[PDB]
Amino acid sequence: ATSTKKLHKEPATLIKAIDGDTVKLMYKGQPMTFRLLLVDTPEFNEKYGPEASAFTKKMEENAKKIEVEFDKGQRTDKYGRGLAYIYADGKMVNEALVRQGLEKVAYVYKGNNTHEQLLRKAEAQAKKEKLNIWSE
Ligand SMILES: Cc1cn([C@H]2C[C@H](OP(=O)(O)O)[C@@H](COP(=O)(O)O)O2)c(=O)[nH]c1=O
Ligand SMILES: [Ca+2]
């Protein structure tokens with residue numbers, strides 16, 4: 001097993017919704033592009049990209065409160081995007097995407113794996129429902 005750590009949620013504000021799994025936030029007083037941990041558009045099914053983007057745009061734009069939760073590993077990727085779990089009024093966007101079959105679990109690195117089993121639980125249930133990306 002990996003080490004484990006207690007993560008915490010930090011304040012941020014929405015600057016702009018980008019797509020399913022990218023969002024631009026004001027974090028510690030500066031704009032920052034964030035990439036959501038542990039999710040991607042399926043390699044072999046991209047039909048739901050627009051719906052995924054619309055979904056997270058609405059969720060992020062309607063939220064009263066956005067929070068960023070970094071994991072225990074790398075805080076930025078090779079492009080200098082933040083890597084985080086993003087919360088909208090306490091709801092984890094990453095988890096919502098997966099439960100709704102709008103993106104799949106992906107980019108699972110041992111370093112930033114704290115909510116892996118949570119998201120896999122959500123995925124297994126979307127897959128059981130043959131929902132959206134899982135429909136064929
Ligand atoms: C989610 C995530 C993506 N990435 C990188 C892998 C991919 O690199 P490459 O660009 O070299 O393929 C890229 C995919 O991001 P996008 O899916 O936003 O394009 O982000 C990480 O390095 N760590 C992560 O945790
Ligand atoms: Ca994307």
Side-chain angles (χ1 to χ4, degrees):
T2 65
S3 75
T4 62
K5 194 185 161 211
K6 182 124 115 143
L7 302 185
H8 70 291
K9 292 166 182 177
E10 297 181 56
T13 56
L14 184 61
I15 295 170
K16 194 149 96 62
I18 299 302
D19 75 2
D21 54 29
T22 295
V23 61
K24 186 170 179 178
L25 301 177
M26 188 81 72
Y27 169 66
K28 293 185 179 180
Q30 301 281 307
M32 182 158 171
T33 311
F34 282 84
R35 176 64 166 77
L36 273 58
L37 283 166
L38 298 184
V39 297
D40 196 15
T41 306
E43 171 170 357
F44 296 107
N45 182 2
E46 293 171 76
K47 170 178 176 193
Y48 292 89
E51 180 176 353
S53 299
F55 175 77
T56 65
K57 169 184 187 64
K58 181 177 144 104
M59 185 170 187
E60 293 160 351
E61 287 184 359
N62 287 350
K64 298 201 70 179
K65 184 177 72 159
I66 292 170
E67 293 163 300
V68 166
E69 188 184 49
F70 294 97
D71 207 323
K72 69 193 152 63
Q74 278 214 133
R75 280 190 182 207
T76 64
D77 65 16
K78 58 165 165 181
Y79 303 120
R81 299 183 300 179
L83 290 169
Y85 305 103
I86 301 302
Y87 296 82
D89 293 332
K91 310 185 172 174
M92 194 199 303
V93 179
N94 315 56
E95 186 183 21
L97 279 167
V98 174
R99 183 65 184 83
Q100 289 218 29
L102 291 171
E103 296 198 5
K104 71 180 277 180
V105 175
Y107 295 122
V108 183
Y109 298 87
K110 284 192 306 172
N112 291 322
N113 71 341
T114 294
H115 302 307
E116 177 182 359
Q117 298 306 317
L118 185 70
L119 264 54
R120 292 191 185 283
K121 176 179 180 292
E123 187 180 80
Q125 192 54 46
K127 187 172 334 185
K128 182 166 172 66
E129 293 164 7
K130 301 196 178 330
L131 183 54
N132 285 331
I133 68 189
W134 304 111
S135 69
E136 310 283 355

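Atoms considered below: every heavy atom in the structure, side chains included; atoms not considered: hydrogens, waters and symmetry mates. Sequential numbering from 1 along the given sequence is applied to the chain's residues.
- The two residues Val68 and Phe34 come nearest to each other via the heavy atoms CG1-CE2, 3.6 Å.
- A 4.5 Å side-chain heavy-atom check between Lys104 and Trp134 finds at least one atom pair inside the cut-off.
- The backbone N or O of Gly82 sits nowhere less than 3.5 Å from a side-chain atom of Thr76 that would complete a donor-acceptor pair.
- Checking side-chain atoms of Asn113 against main-chain N and O of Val108 turns up no donor-acceptor pair under 3.5 Å.
- Between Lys121 and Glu95 there is no salt bridge, since no side-chain nitrogen of the basic residue lies less than 4.0 Å from a carboxylate oxygen of the acidic one.
- Proximity of a side-chain donor or acceptor of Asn132 to a complementary backbone N or O of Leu102 within less than 3.5 Å is not detected.
- Within the 4.5 Å cutoff, no side-chain heavy atoms of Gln74 are placed close to those of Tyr109.
- Shown here for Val23 and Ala17, the closest heavy-atom pair between the two residues is CG2-CA, 4.5 Å.
- Annotation: side chain of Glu60 is not in contact with side chain of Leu25 (no heavy-atom distance under 4.5 Å).
- The nearest pair of heavy atoms linking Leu14 to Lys24 is CD1-O, 3.8 Å.
- When atom types are taken as modelled, the side chain of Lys72 and the backbone of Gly111 share a donor-acceptor pair closer than 3.5 angstrom.
- In this structure, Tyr85 contributes its side chain and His115 its backbone to a donor-acceptor pair below 3.5 Å.
- The main-chain N or O of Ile66 is never found under 3.5 Å from a side-chain atom of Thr13 such that the two would form a donor-acceptor pair.
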> Going through the checks in order, is the salt bridge (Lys or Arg N to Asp or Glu O under 4.0 Å) test met by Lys110 and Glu116?
Replying inline: CA-CA 9 Å; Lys110 284 192 306 172; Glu116 177 182 359; over 6 Å; no
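- For the pair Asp21 (side chain) and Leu36 (backbone), a donor-acceptor distance under 3.5 Å is absent.
- Between the side chain of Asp40 and the backbone N or O of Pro42, no donor-acceptor pair lies under 3.5 Å.
- A donor-acceptor contact shorter than 3.5 Å is absent between the side chain of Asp71 and the backbone of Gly73.
- The closest side-chain heavy-atom distance from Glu10 to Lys28 is below 4.5 Å.
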>> Run the side-chain contact (heavy atoms from CB on, under 4.5 Å) test on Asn94 and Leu38 for me, step by step, so that the C-alpha distance in whole Å, both residues' side-chain angles and the decisive distance to 0.1 Å come before the verdict.
In response: CA-CA 7 Å; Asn94 315 56; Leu38 298 184; 5.6 Å; no
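- In this structure, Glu123 contributes its side chain and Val105 its backbone to a donor-acceptor pair below 3.5 Å.
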